[PDB]
Ligand SMILES: Nc1ncnc2c1ncn2[C@@H]1O[C@H](CNS(=O)(=O)NC(=O)CCCC[C@@H]2SC[C@@H]3NC(=O)N[C@@H]32)[C@@H](O)[C@H]1F
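Residue numbers (PDB author numbering): 2 to 265.
This is how it looks when you write it as structure tokens:
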């Protein structure tokens with residue numbers, strides 16, 4: 002109830018002013034009061050012929066949010082930055098598309114990391130789509146294909162209470178950021194995202210280096226839950242050129258393209 006006072010609406014006109022124009026790759030930005038899923042919405046635009054490259058859709062509230070492989074994403078009004086962007090990908094070899102999602106996580110982390118007074122333990126990226134802080138999930142990322150595009154979706158907990166959405170969640174507010182400004186954070190996020198997408202498109206080695214530098218997974222003992230329910234336990238060693246997680250399982254290398262990681 003008290004957090005409602007900490008949740009003013011986004012300023013669409015201001016965001017457009019900052020993010021659309023010379024020197025920016027963003028072509029269109031809309032803030033909607035509510036939708037089922039920003040990712041579904043941009044996918045639908047693309048399916049009906051729209052050019053969604055550089056298009057940004059932000060929702061104040063999202064009622065049927067999607068997580069990875071069939072799961073959901075929970076939100077309440079004005080508690081998160083909930084957005085999707087369109088990225089033309091057909092010019093880039095399909096092998097490299099995995100890195101687009103890792104790039105997005107890096108952009109989200111970099112957009113908020115300074116806001117914390119002192120970095121609590123376990124602040125960084127958990128493979129393949131998670132921004133963690135103090136062991137809690139601060140943001141989740143979802144990439145979906147609609148040729149010639151990928152739709153990249155970000156759900157970032159700004160004032161969202163864990164009790165409102167998930168026991169393993171956290172938020173900037175719950176990390177001690179007393180009055181987070183979503184307008185400032187959204188602008189920072191989209192500027193970081195633009196740079197990382199450009200790096201991805203040009204196979205810039207700094208993208209992988211920067212990802213490794215913020216990885217909480219690399220070097221850690223992990224249990225990885227694979228699609229289909231199997232678990233593999235090992236030590237995460239690296240990410241390969243396809244964005245896949247390279248596991249050491251007692252001297253054998255197991256490369257995982259998709260799965261859920263638990264740090265042990
Ligand atoms: N708030 C929330 N904060 C933190 N955690 C949470 C939370 N709402 C649930 N869990 C938990 O996360 C689980 C899903 N996690 S996941 O499989 O790794 N998927 C993701 O993290 C990707 C989420 C992408 C969300 C964005 S929001 C804008 C865009 N449009 C969409 O519909 N999706 C993307 C879910 O089953 C629930 F367990």
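Every residue, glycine too, gets a C-beta built ideally from N, C-alpha and C.
Under the three-state DSSP convention, the category residue i falls into
| i | result |
| --- | --- |
| residue 128 | coil |
| residue 74 | strand |
| residue 92 | coil |
| residue 17 | helix |
| residue 39 | helix |
| residue 67 | strand |
| residue 178 | coil |
| residue 161 | coil |
| residue 242 | coil |
| residue 6 | helix |
| residue 279 | In this structure the chain extends from 2 to 265, so residue 279 is not present and cannot be described. |
| residue 188 | helix |
| residue 87 | strand |
| residue 28 | coil |
| residue 198 | helix |
| residue 48 | helix |
| residue 260 | coil |
| residue 154 | strand |
| residue 134 | strand |
| residue 237 | strand |
| residue 248 | strand |
Close beta carbons around residue i, own chain, < 6 Å, minus the five adjacent residues each side
| i | result |
| --- | --- |
| residue 191 | 20 |
| residue 258 | 245 |
| residue 100 | 201 and 244 |
| residue 189 | 112 |
| residue 43 | 53, 58, 85, 87 and 152 |
Residues of its chain near residue i, where Cβ-Cβ distance is below 7 Å and the 5 sequence neighbours each way are ignored
| i | result |
| --- | --- |
| residue 110 | 125, 126, 132 and 215 |
| residue 93 | 202 |
| residue 233 | 225, 227, 248, 250 and 255 |
Endpoints, the beta strand (DSSP E) within which residue i is located
| i | result |
| --- | --- |
| residue 226 | 222–226 |
| residue 140 | 137–147 |
| residue 119 | Run containing residue 119: none; DSSP gives neither H nor E here. |
| residue 254 | 253–257 |
Element boundaries [alpha helix (DSSP H), containing residue i]
| i | result |
| --- | --- |
| residue 231 | Taken as a continuous stretch (DSSP letters only), residue 231 belongs to no alpha helix (DSSP H), as it is neither H nor E. |
| residue 211 | 206–214 |
Member of the options whose CA lies at the smallest distance from the CA of residue i
| i | options | result |
| --- | --- | --- |
| residue 134 | 93, 114 and 148 | 114 |
| residue 260 | 47, 180 and 129 | 129 |
| residue 176 | 186, 208, 139 and 226 | 139 |
| residue 6 | 212, 78, 88 and 64 | 78 |
| residue 66 | 54, 35 and 148 | 35 |
| residue 90 | 206, 29 and 147 | 147 |
| residue 218 | 11, 238 and 15 | 238 |
| residue 40 | 97, 242 and 74 | 74 |
| residue 71 | 229, 252, 207 and 241 | 229 |
| residue 33 | 61, 46, 23 and 49 | 61 |
| residue 81 | 10, 168, 31 and 198 | 10 |
| residue 154 | 231, 119, 56 and 28 | 56 |
Distance cut-off 7 Å: residue i Cβ against heavy atoms of ligand 2
| i | result |
| --- | --- |
| residue 72 | Ligands present in the displayed structure are limited to ligand 1, and ligand 2 is not among them. |
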